[PDB]
Amino acid sequence: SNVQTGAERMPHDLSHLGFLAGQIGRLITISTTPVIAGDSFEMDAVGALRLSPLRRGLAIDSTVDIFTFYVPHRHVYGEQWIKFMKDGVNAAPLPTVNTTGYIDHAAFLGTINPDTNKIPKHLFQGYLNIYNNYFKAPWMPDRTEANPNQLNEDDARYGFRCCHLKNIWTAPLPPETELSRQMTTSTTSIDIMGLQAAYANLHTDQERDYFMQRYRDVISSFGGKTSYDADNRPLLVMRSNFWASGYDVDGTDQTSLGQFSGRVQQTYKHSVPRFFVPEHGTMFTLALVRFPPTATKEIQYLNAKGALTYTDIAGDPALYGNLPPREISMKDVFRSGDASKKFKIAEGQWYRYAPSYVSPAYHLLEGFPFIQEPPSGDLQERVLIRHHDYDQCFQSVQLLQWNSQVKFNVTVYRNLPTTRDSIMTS
Amino acid sequence: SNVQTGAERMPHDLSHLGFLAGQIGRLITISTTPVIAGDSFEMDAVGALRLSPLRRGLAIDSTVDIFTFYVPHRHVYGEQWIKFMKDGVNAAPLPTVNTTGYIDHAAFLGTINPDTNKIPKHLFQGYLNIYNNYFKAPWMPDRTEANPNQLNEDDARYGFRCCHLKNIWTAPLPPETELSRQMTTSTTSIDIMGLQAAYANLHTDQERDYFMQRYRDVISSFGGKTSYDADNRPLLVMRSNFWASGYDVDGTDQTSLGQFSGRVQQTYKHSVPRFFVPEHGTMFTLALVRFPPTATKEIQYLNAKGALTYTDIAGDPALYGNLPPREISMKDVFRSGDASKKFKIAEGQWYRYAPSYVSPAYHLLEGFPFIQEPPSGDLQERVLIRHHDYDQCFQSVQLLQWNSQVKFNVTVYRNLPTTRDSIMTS
Amino acid sequence: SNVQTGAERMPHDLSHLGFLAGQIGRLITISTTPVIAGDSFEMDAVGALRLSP
Amino acid sequence: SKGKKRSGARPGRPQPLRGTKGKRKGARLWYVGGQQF
Amino acid sequence: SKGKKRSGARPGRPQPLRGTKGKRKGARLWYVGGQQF
């Protein structure tokens, strides 16, 4: 009888809808699709972004980010792949991972939880690779769970916490920078040629602390290049950003005459141009919603430290360009800050940055997404976003803090037989 | 004092000479150079190739191959690299390998043996990667020694044995091809839909046996691509090939009047265009000298098998295109072949190929590089070249079977301080 | 499955070498090749002839 | 990072979603045994 | 494989090697304390 060995190249629809929801400052998966080696991928996403109804009207916009990444299966399975592909049919099946038994767990991966509490390993591990290479601070430790059921709630139902927009206290120098370095000398002598060699060792250490925490950064400084296969990192295909706006509604009865309520609704588009898929893998699409980091109790540095010295106030170029970094506390920038929490800044940074001012009359007032109290804990706890800081800004609904409805217009050019060829023997 | 943090880009000479020697059918290293990330590499090699003085004059040319490969250090050290580069100065030193204690051992790597009997690991492991990816037959096992002192003589003094030029008996089908495949049926019935599915499983198996023994081959059939970082294979930068010629010298005394002696000497050039080096590594240059595989006792297949049937002689298209491959012996193509040594050929291959004829008067005659006896052993022993088959063709000298004298015109564009900057403190 | 009944017409190499020897006044065979009905045959032979010193 | 850094805000109103799939049609997908409306 | 497949034979005679190094000069390499011939 007739045996088919090849196919022709045709476009495939693969379009679907998007009823999404999430929290603020957490990275959640929006869409996912498998691809084959040799394909071409295209996507237009058109939708609307809404926030929960506000308590008093629109005051500050929020910014929204959409990302698309490509993750090969060889980056996840490694050597179990390759052997799988070389053996062809009759190869051993690929492994899975375990999840907690609920419906809303494994929702940060953009799927409903199966009744068996098992999902493909490449879905979970492909999310960890994106977070560890692009979204955590380079000086933080990596995250390695091996099983989605080892996470807690708010990590399984919603994504992982991300970082605030850069600021004086949300973007400090890494907690490993050295404020001094010693050189061993004799009792009544010093080698001045070895002193010259001690400055060259410190220069390489300071570069590896401010710019070059990752291997791909070290190679780039020499003038070289690394492919994402050499580093085993995902490939960023597209990125979009916008601000979300809306309007107000006026109350008209006896009690609410003079009261307003804000309604955020924004139309957006995420477009990915045609992309050649070199190996089997997955495409991820993710979203992130954030606010500018405004706090009600922040003060200017020169107004908070006690007595002004020449180094603070003069702005002398010979002094700012030759001094080590300065270590300060949370008490120097916040009214109720803790004096035992320290971080390091650059000298003269108070003449390069200006903070926002919030009047004392705004303290503890509903609506108005601010940070009411100075953040507590170690450095990593302060830099990451706490979505409980925005609970008093919205009204309680079932759809969390933001929701979206989107149509994904995907198109892939594959080499597959038609449905007719698959069901007919001859 | 003055501390230098950068440099300018300048060309560097790095030119040297080449007094080389080797055997026939063995792959030996000719030149080697280290490179840094961000460099540009260029090379012109001009020299002369000579064979040992012949016994009776020129009859058959030989063919010579020159290759250049690029091997990153990350392909060799793996995870010990990267950690080495991220730690910078004060990192742990890279490991070495042990060699046998002689001067001529480790000469297949293009170096003199140090008195400590230790060499960098990237020199030995970079040679194994080239051989396993480009020079052995795809169905052979890989070679994995971990130490150059585990090799034998003729592998340490000279390179590894390579394969003959393709032929009826030097290029058979892989020894794993199936001549039949069964399908399980019932006693008095058969599922004809499952028969259709049994042919599709056999098609994938036959492709993985004739074309796709390597992972990079499987991905290519889908229409995809793999980088050499994904496969962890060396990059071929240039390849050259030529035939070697010469002339004859006449004897003029009482006894040698009427006798001639051949002198092979050829001028060649190996040119590498400008190449951008993306990471730290090594460039290798290697040579290989071979003869066409002519034997004195080879016969045509139709003249050696006994009684001719319709399938042998008719050349019918409906029969050659639909039959399984045929298994024959060394007795069917050689006069003194062994009947217990088998190999598989395609049906009708005797109408597509013609062997060379050597008259019986040429049997056991000095000069004339032939193969006097049919090769013995298993399949792998026959396909690889034995350089003892050419011992009676040359006169005994200290410079083996071929020698070359070459000048390498290299030029690299680096970012390094001058010699003056390195020796002056200020 | 697929059963092939015909083929297309293409050129085939069938080239080889010649190390020959003989006596004077005797007729010896130099080359030989089988052919099929319907073929086309062509040949160029280039070489050197030497006598004993 | 690599290659995107684009933007996506549009003006107007968020019209309701209309049709679950369809941007460009290929070949047939479903075979029931005739027409079905 | 990748990118080469070139050829390299030239006609003539194999002239002896002349000078160990030198195709294109850069900066100075050796400092002895003066000129040396």
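cryo-EM is the method the PDB entry states for this structure, with the resolution given as 2.68 Å.

Caption draft 1: Summary view of the overall build of chain C. Looking only at helices and strands, chain C features 0 helices and 1 strand. For chain C, whose C-alpha radius of gyration is 18 Å, the value lies well above the compact-globule estimate of 10 Å for 53 residues. Along the three orthogonal principal directions, the C-alpha set of chain C runs to about 65 × 20 × 20 Å. Scored against the burial criterion, the 53 residues of chain C give a buried share of 2%. As displayed, chain C has an accessible area near 5500 Å², and 54% of this comes from carbon and sulfur atoms.

Caption draft 2: The arrangement of the sheet that holds strand β1 (residues 6-7) of chain E in detail. Spatial ordering of the open sheet is given by β8(B)-β3(B)-β12(B)-β5(B)-β9(B)-β1(E), a layout of 6 strands whose pairing is mixed. Edge strands, defined here as strands with exactly one partner in the open sheet, are β8 (160-161) of chain B together with β1 of chain E. By the bridge criterion, 2 bridges tie strand β9 (residues 235-244) of chain B to β1(E) in an arrangement that is parallel. Bridging across to β1(E), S240(B) finds its partner in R6(E). Along the sheet, helix α3 (residues 121-134) of chain B contacts β3 (26-35), β5 (62-72), β8 and β12 (281-290) of chain B; its crossing angle with β12(B), the most-contacted strand, is approximately 50 degrees.

Caption draft 3: Highlighting the environment of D332(A). Residues and elements named next belong to chain A. Within the fold, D332 resides in the loop between β13 (326-329) and β14 (342-345). Linking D332 and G306, residues 26 residues apart in sequence, is a C-alpha distance of 9.2 Å. Once residues lying within four places of it in the same chain are set aside, the contact partners of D332 are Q300, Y301, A304 and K305.

Caption draft 4: Structural view of the sheet that holds strand β3 (residues 26-35) of chain A. A sheet is described by the order of its strands in space; here 6 strands give the open sequence β8(A)-β3(A)-β12(A)-β5(A)-β9(A)-β1(D), paired in mixed fashion. Across the chains shown, the open sheet's two edge strands, defined by having one partner strand only, are β8 (160-161) of chain A together with β1 (6-7) of chain D. Bridging between β3(A) and strand β12 (residues 281-290) of chain A involves 7 bridges; their strand directions are antiparallel. Counted as the bridge partner of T29(A) is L286(A) from β12(A).

Caption draft 5: Seen up close, the pairing of β12(A). Residues and elements named next belong to chain A. Extensive coverage of β12 is indicated by the burial of 10 of its 10 residues. Along β12, one buried face is formed by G281, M283, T285, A287 and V289 and the opposite face, lined by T282, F284, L286, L288 and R290, is buried too. Across 10 bridges, strand β5 (residues 62-72) lies against β12 in antiparallel orientation. Counted as the bridge partner of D65 is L288 from β12.

Caption draft 6: Summary view of the relation of the copies chain B and chain A. Expressed as a screw transformation, the operator carrying chain B onto chain A has a rotation angle of 180 degrees and an axial translation of 0.0 Å, and the superposed copies differ by an RMSD of 0.0 Å. In the structure described here, the two chain copies are related by an operation that fits a two-fold rotation axis. Across chain B, the smallest distance between a C-alpha and the rotation axis is recorded for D229(B), namely 3.1 Å. A symmetric contact is evident, with 100% of the interface residues of chain B recurring at the interface of chain A.

Caption draft 7: Region of interest: helix α2 (residues 80-87) of chain B. Those residues of α2(B) that fall on the buried side of the exposure criterion are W81(B), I82(B) and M85(B). Each buried residue of α2(B) lies within a common arc of 95 degrees when the element is viewed along its axis, so the set occupies one face. Those residues of α2(B) that are buried lie in contact with α4 (192-210) and α5 (215-221) of chain A together with α1 (74-77) of chain B. Positive phi appears at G88(B), one or two residues downstream of α2(B), with a value of about 65 degrees.

Caption draft 8: The arrangement of the interface of chain B and chain A in detail. At the junction of the two partners, chain B supplies 38 residues and chain A supplies 38 residues. When chain B packs against chain A, the two sides together hide about 3200 Å² of surface, and 60% of this comes from carbon and sulfur. Among the residues of chain B in contact with chain A, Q196(B), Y215(B) and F222(B) are the three that bury the most area, contributing 20% of the side total. Counting residues per element, the ones that place at least two in the side of chain B that touches chain A are α2, α4 (192-210), α5 (215-221) and α6 (228-231) of chain B. In terms of residue count, α4(B) provides more of the side of chain B that touches chain A than any other element does, 6 residues in total. Looking at side-chain class alone, the side of chain B that touches chain A contains 16 nonpolar, 15 polar and 7 charged residues.

Caption draft 9: Quick look at a nonpolar patch on the surface. A cluster of nonpolar side chains, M183(A), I190(A), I192(A), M193(A), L195(A), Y199(A) and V3(B), forms an exposed patch at the surface whose accessible area comes to about 670 Å². One can find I192(A) in helix α4.

Caption draft 10: Representation of the side chain of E298(A). Residues and elements named next belong to chain A. As for its position among the elements, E298 is in the loop between β12 and α7 (301-304). Salt bridges are absent for the buried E298, whose nearest opposite-charge side chain, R382, sits at 12 Å. Non-local contacts of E298, meaning those with residues more than four positions away in its chain, are made with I168, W169, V333, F334, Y353 and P355.

Caption draft 11: Spotlight on unusual backbone geometry. Here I82(A), not a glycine, exhibits a phi torsion of approximately 70 degrees, which is positive. Tracing the backbone through its elements, the reader meets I82(A) in helix α2 (residues 80-87). A positive phi angle, near 60 degrees, is found at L400(B), a position not held by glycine. Mapping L400(B) onto the fold places it in the loop between α10 (379-383) and β16 (402-415).

Rules of the game
- Residues numbered from 1 in each chain as written, not as in the entry; some residues may be left out.
- Chains lettered and ligands numbered in written order.
- Part of a larger assembly, values for the part shown.
- Heavy atoms only, no water.
- Residues with missing side-chain atoms left out of burial classes, pairs and counts.
- Helix = DSSP H or I, 4+ residues; strand = E, 2+ residues; numbered from the N terminus.
- Rg over C-alpha atoms; globule rule 2.2 N^0.38 Å.
- Buried < 20%, exposed > 50% of the residue type's maximum accessible area, 1.4 Å probe, protein only.
- Areas by Shrake-Rupley, 256 points an atom, 1.4 Å probe, with all protein chains shown as cover.
- Pairing = 2+ DSSP bridges.
- Contact = heavy atoms within 4.5 Å.
- Axes fitted to C-alpha atoms, helices over the stretch in contact; angles between N-to-C directions.
- Least-squares fit on C-alpha atoms.
- Arc of directions from axis to C-beta.
- Buried area = accessible area lost by both parts, 1.4 Å probe.
- Nonpolar A, V, L, I, M, F, W, Y, C, P; charged D, E, K, R; others polar.
- Patch = residues over 30% accessible without salt bridge, like charges linked within 9 Å, V, L, I, M, F, W, Y side chains within 5 Å.
- Salt bridge = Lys/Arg side-chain N within 4 Å of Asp/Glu carboxyl O.
- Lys, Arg positive; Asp, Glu negative; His and termini not counted.

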